[PDB]
Each structure stands twice: as C-alpha cells, then as structure tokens.
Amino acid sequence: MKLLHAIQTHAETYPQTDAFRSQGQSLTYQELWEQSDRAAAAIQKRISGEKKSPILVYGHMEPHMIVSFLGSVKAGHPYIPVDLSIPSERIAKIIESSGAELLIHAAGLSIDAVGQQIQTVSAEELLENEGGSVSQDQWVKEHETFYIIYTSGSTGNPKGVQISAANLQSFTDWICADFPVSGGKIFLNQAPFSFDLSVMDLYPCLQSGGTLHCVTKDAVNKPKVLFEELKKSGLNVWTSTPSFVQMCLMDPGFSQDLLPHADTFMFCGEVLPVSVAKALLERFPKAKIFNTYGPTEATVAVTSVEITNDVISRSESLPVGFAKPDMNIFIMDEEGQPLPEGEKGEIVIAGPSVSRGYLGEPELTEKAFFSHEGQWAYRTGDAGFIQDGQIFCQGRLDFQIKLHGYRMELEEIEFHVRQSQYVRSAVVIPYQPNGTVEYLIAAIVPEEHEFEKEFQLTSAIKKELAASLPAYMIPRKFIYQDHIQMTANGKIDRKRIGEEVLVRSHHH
C-alpha cells in the first residue's frame, strides 16, 4: 500500500486519531488528509502542471508544514522542505536552481520577511479556497520525484537530492516492517524537515498510523521546557542524531522515568558513540537501540543493527550494521574493484533507495551515481569495510564532514567565506584531535580594511556569512594571515595549515 493510500485509509478509518502534534497544536488524520487535499487543489490554481516543478515549503514544525508537504505531492509536485534555520541567500539559491515556481510558508507572512524571487503564499490563504480537492491520478507516483532535500555542495552551492516516491516507499516499507515501530506508536520528530533524518520518523509514522510529536527549536534551547514536553509527549520511538540524544543524556533526569513509554531509539546520520549506546542501554532498559547508516542520496539509511550489550563489548567502534534487505552494499578500492572481507575500501550503495541524482546537476550526478551491475549505485565517499555481512563506516575520502550531526563541505564554507568583500582567501580547518570534529577554524587572508580591531573584522565577516550559511556552518574561530600555504602540486596544504592554526592557538 503506497504511502499516500495508507494515509488516506487511516483518515477514512480512524479520522479522529492524531497524526501530528506540535507546540500544543494537533492535527487529526482526517484534518491532515482533507487539508492536504484542499491545498493540493489550491496549488494547481497558482502554478502550471506542465512541469513537475518543485514547491518550497517553508517553516519549522507547524502542522501546516506536513499539510503542505502532502498538498504538493497530491497536486503533482515534489516539495522542497526548508527550515527557518536556512538563511535568505541560501534559500534564494535553492529557488534559483530548483526551478520552483511556488513557495508556501506554514506560518503567517513573517513581518519584514526577506522577499524572494518566487510566487509566495501562506498555507492559510491557500486553504481559504473553496472546499475543492484533487483526484487520485494527480498524486506523485512511482519514480516521479516526491521530495527534494538540499545538502552541502563542495562548489559553494547546495545540491538537491531527488527522492522519488518509489525511493521513499522502499525506505518506508523497510522501517515499518523490520523495526519495532509499527503498531500506531507516538514518534518524536526533533530534526527539522529540511534534513532527511526527519523522514526516518515522519513517514514511517504516517504510513503506520502513528502520531508524530515534534519538539521545536524553542523547547530545544530551554532544557526544562524540553524535558517537560518530552515528559508529556509519551513518545515510544525516539528518532534523532546521536548528537542530540548525547546532549539530553548530560541530564541525569533523562531516563526511562522521564519517558516511561519510550521503547525504540532510531539513530542515523552520524557516528553513534559507544558511550551514548552504552548509556542509553542503562537508563532505558525497556528500549532497544538501533544504529542505521546512509547518505541523503540513498534515502536516509540503508543499513541497520540493533545495539546491545553484546555488540558494545564486541567492538570499540559500533558497526553500522547489515544492508537493507533489498540493497546491495559492498566495498570497492580506488581502482573501482570489490575488496574481500576486512579489507578497507569505499562504501558503494546500489538498490531502490538510491536517488536518480542531483536536480539540474548532471555532471555531479555523473561523478557519484552510476549503473553498477544492474542496480543504480552511489559512491558514498565513505571509507569502510564489511565483516561477516556487517558493515562498518570508517571516515571520509573527501572534504565533507560531520559537525554535531550536521553534514557540510569545508570547500563550500570556504567558498562563502571567500565571497565577503573583506576576504581574499579562506581555508577552514576542522579541529578533530581524535575521531570527531569539535569545531571549525577559518584561516583567512583578508583583503584590506579600516577595522581598528580584529574582532570587528571577524564580526563583519560572520555577520555576512549569516545571510548565506546556516549558523552551524559558520566557523567558531577566525584567524588571519598573509598567505595560504600550498603544496608542490599547487594544492592547498591543509595538513600544514592545520598545524599552523594549532600553533597560533598557543599564542595569546
């Protein structure tokens, strides 16, 4: 049963059961379906169906976000989710390359909001349309794009991963069946919908008839409020990045007693530290922990493995598990040949979860996707190895990093930093003494200025970067110098610059 038919079924059978909950607001399955059907109708009156143009859905975790997501696919348009977290210029870039002809913001027209070069409308005024609706044949289907999520692009511009219904349906069927999340449970949603991790809870919940429960950025900053919301949520499934749960764990009160009904933790998008797993197994004896791996290009996650005490003591580094049933995952050397067990190589993913590629970016798709031995495959850029059918992720081959669960390209940050009128060159160094990245240091060659003090220059640049880059991509520290060290080849000497940056670190 297709995701959409499943959502309609629940709405027809259990209309009054809650589908969505966020900041005191609730949306029943009937309200969800009937509203998304109305938005879908309203949408077909403002844009053309000639193309399968994307529809940006802008907001945070309002009930209107999902009502709009569903409205787009039901109208026949893939949607591009955009969090308030994403700044205006970046939003302008997504618009520009996506070809999107409509932007819906779940909240009322934000006052003095940054105007965009696109037809803009609030979810509210969309719904004031007659009680119209769309016919089943309009809904997105098969390999037509369902959603498009943009991630970091090394060339300095976000690239959009196209996830077709089939893609998602493959992901959703996998989660709902092979994980104890079925049964109409309450799912937590912490990740903004602009990140695909959210999809791990959003749709398997909707397909299984569960109730989604959001915890917004407001509650996230005020620990007390958060734990309170979590306390009342009565959640059963916890889906988030390991980083977020790690933050919660710092509070001794975060335990089975705060969440008596919590029984399933779903993690993905980043390294799940043994310490986090170890700890969770302690404060939540009634909940099983799952570690899953995968890139956005392969629809959230394609590997899986329950984390038990047995597994913890069996390895210093948690494995990412066994390949999704229908997926074919293997290790390939540089030459592009399959390696044997235990031998380190690059992770490649082939199967129905793989995205057709980057929207309007053929050359990029060209380098990353390809037809392996039938299956459509993807070069993850992750180094790794398999052992007894169990996959292990071991680092990066490129300049793509993970900072507190956030995916980003050092070269993209360098691009944006280099754009400031006060910058000539820029090199971002990630401080990772051991395994994980702790923060970023920007090595900059400034143009020429009148700023009396450095902090003023740093401030000016950082104030600029806030318009094109999400806050988490802006380097914490900024150091300045005269020249960017280069190697023989003519490449940027990142190894040497890092050493430079740390030496200057001891000079106060």
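Don't overthink the numbering: it's just position in the shown sequence, from 1.
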Study note, to complete from the structure: Once average C-alpha B-factors are taken from the entry for 160 to 168 and 282 to 290, the winner is 282 to 290
Review point. Mean CA B-factor: is it higher for 426 to 434 or for 212 to 220?
Key: 212 to 220
**Study point:** Residue selected from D201, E229, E409, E144 by maximal Cα B factor
**Key:** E229
Practice item. Tell me which of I148, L126, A75, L102 tops the list for C-alpha B factor in the record. Key: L126
Check your understanding: Split the chain's modelled residues into thirds by Cα B-factor; is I444 in the lowest, middle or highest one?
Key -> middle
Check your understanding: Relative to the other modelled residues in the chain, which third contains the C-alpha temperature factor of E366: lowest, middle or highest?
Key -> highest
Exercise for review: Using the B-factor values recorded in the entry, state whether the Cα atom of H404 falls in the lowest, middle or highest third among the modelled residues of its chain.
Suggested key: lowest
Practice item. Relative to the other modelled residues of the same chain, rank the CA B-factor of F451 and answer lowest, middle or highest third. Key: highest
**Study point:** B-factor third for the C-alpha atom of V501 within its chain
**Key:** middle
